[PDB]
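Some notes on the structure that comes next.
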Amino acid sequence: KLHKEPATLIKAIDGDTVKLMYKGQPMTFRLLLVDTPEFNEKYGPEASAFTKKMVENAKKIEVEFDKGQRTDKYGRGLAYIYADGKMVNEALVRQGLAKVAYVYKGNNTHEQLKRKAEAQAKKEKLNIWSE
Ligand SMILES: Cc1cn([C@H]2C[C@H](OP(=O)(O)O)[C@@H](COP(=O)(O)O)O2)c(=O)[nH]c1=O
Ligand SMILES: [Ca+2]
């Protein structure tokens, strides 16, 4: 019931935002269901680096909207972002560089996938969970 749509990287921004060209227009995308620390914070630089490498190295970036709101109050696109078929959102959580967060009803299709990744990152005491 969700579909992957094409996009191209404009520029990495931080752990959980990225600038993409979508349907030919520049847009800042905020990754659904996750929260990375701010660049100024602990693991913030590492979250930024992780996402940056992931999208910069991708041959193919895809955007997948959920069933609900597609833009937030700041005009940012809200999507699951994939790099060569791998979801950036889930990968950050799996590596402990993001927490599952901002789970609003109707835009939560991938919630359970994320929660499973967080549990495994927490079990492995990775990054954020190494405290
Ligand atoms: C991820 C996400 C964030 N937001 C809003 C809520 C938060 O509002 P406030 O700015 O009032 O805190 C903000 C969190 O984004 P950041 O984590 O990028 O700051 O973006 C949504 O509305 N929907 C979403 O799916
Ligand atoms: Ca954040």
Side-chain angles (χ1 to χ4, degrees):
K1 38 62 246 129
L2 306 190
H3 71 275
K4 284 162 202 201
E5 301 176 58
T8 59
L9 177 62
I10 290 167
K11 63 165 188 208
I13 301 172
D14 71 347
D16 63 16
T17 64
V18 60
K19 197 160 184 212
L20 301 179
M21 189 189 285
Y22 170 65
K23 294 202 72 163
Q25 307 300 333
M27 291 177 58
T28 295
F29 278 86
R30 177 63 169 74
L31 265 43
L32 279 176
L33 300 184
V34 301
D35 196 28
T36 55
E38 292 296 319
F39 177 80
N40 45 101
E41 291 152 18
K42 181 59 183 291
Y43 297 109
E46 287 78 14
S48 290
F50 182 89
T51 295
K52 182 193 166 72
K53 178 181 187 189
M54 206 166 161
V55 294
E56 269 176 12
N57 286 8
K59 292 314 170 189
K60 190 220 289 183
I61 296 301
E62 285 168 296
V63 152
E64 167 186 79
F65 296 104
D66 209 323
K67 270 151 169 193
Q69 193 64 28
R70 295 195 171 190
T71 60
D72 71 10
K73 63 179 160 41
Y74 299 113
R76 299 176 305 184
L78 297 171
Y80 307 105
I81 306 302
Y82 294 83
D84 286 334
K86 296 139 198 289
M87 205 207 291
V88 180
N89 314 43
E90 189 198 3
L92 288 148
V93 178
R94 184 65 185 79
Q95 296 300 307
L97 290 165
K99 282 176 173 180
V100 184
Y102 294 107
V103 186
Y104 300 101
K105 215 189 163 298
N107 261 358
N108 72 330
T109 302
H110 293 311
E111 182 186 5
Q112 287 315 120
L113 184 76
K114 301 301 213 311
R115 296 221 177 262
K116 175 62 168 292
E118 193 182 80
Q120 198 55 228
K122 198 178 305 199
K123 274 190 192 45
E124 292 162 19
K125 308 285 194 196
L126 281 184
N127 289 310
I128 289 174
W129 312 111
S130 67
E131 302 305 296

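Only this structure's heavy atoms are used, side chains among them; waters, hydrogens and symmetry mates stay out. Note that the numbering runs from 1 along the sequence shown for the chain.
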Single-linkage hydrophobic cluster, 4.5 Å side-chain cutoff, [X] and [Y] together:
| X | Y | result |
| --- | --- | --- |
| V103 | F65 | yes |
| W129 | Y43 | yes |
| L97 | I13 | no |
| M87 | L9 | yes |
| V88 | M27 | yes |

Main-chain N/O of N127 paired with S130 side-chain donor or acceptor, under 3.5 Å =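 Yes, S130 side chain to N127 backbone: donor-acceptor pair under 3.5 Å.
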
Within the distance-only criterion (no hydrogens, no angle test), does the side chain of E62 pair as donor or acceptor with the backbone N or O of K4 below 3.5 angstrom?
->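 Looks like no, no N/O pair under 3.5 Å.
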
side-chain contact (heavy atoms from CB on, under 4.5 Å) between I81 and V63: does it pass, once the steps are laid out?
-> CA-CA 5 Å; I81 306 302; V63 152; 3.5 Å; yes

From [X] [atom1] over to [Y] [atom2], what is the distance, rounded to the nearest 0.5 angstrom?
| X | Y | atom1 | atom2 | result |
| --- | --- | --- | --- | --- |
| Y102 | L31 | OH | CG | 13.5 Å |
| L92 | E90 | CG | CD | 10.5 Å |
| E46 | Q95 | CD | CD | 12.5 Å |
| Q120 | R94 | CD | CZ | 5.0 Å |

Verdict with supporting geometry, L33 and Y80, side-chain contact (heavy atoms from CB on, under 4.5 Å) | CA-CA 9 Å; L33 300 184; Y80 307 105; 3.4 Å; yes

Check step by step if side-chain contact (heavy atoms from CB on, under 4.5 Å) holds for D66 and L78.
-> CA-CA 8 Å; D66 209 323; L78 297 171; over 6 Å; no

Would you say the side chain of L2 lies within less than 4.5 Å of the side chain of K67, judging by non-hydrogen atoms?
->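 Side-chain contact under 4.5 Å: yes.
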
Is the closest side-chain heavy-atom distance between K53 and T51 below 4.5 Å?
->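 Answer no - side chains too far apart.
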
Minimum-distance pair of heavy atoms, taken over all atoms of [X] and [Y]:
| X | Y | result |
| --- | --- | --- |
| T109 | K1 | CG2-NZ, 3.7 Å |
| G15 | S48 | N-OG, 3.3 Å |
| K114 | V93 | O-CG1, 3.5 Å |
| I128 | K99 | CG2-CE, 4.0 Å |
| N107 | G68 | OD1-N, 2.8 Å |
| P37 | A47 | CD-CB, 4.2 Å |

Worked check of side-chain contact (heavy atoms from CB on, under 4.5 Å) between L32 and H110 = CA-CA 9 Å; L32 279 176; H110 293 311; over 6 Å; no

Charged N-O contact under 4.0 Å between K105 and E111 |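 Judged by the 4.0 Å cut-off on N to carboxylate O distance, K105 and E111 do not form a salt bridge.
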
Provide the full list of side-chain hydrogen bond (donor to acceptor under 3.5 Å, both in side chains) pairs with a residue in residues 17-40, sequence neighbours left out, each pair given once.
->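 Passing the test, one end in residues 17-40: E5-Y22, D14-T17, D16-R30, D16-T36, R30-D35.
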
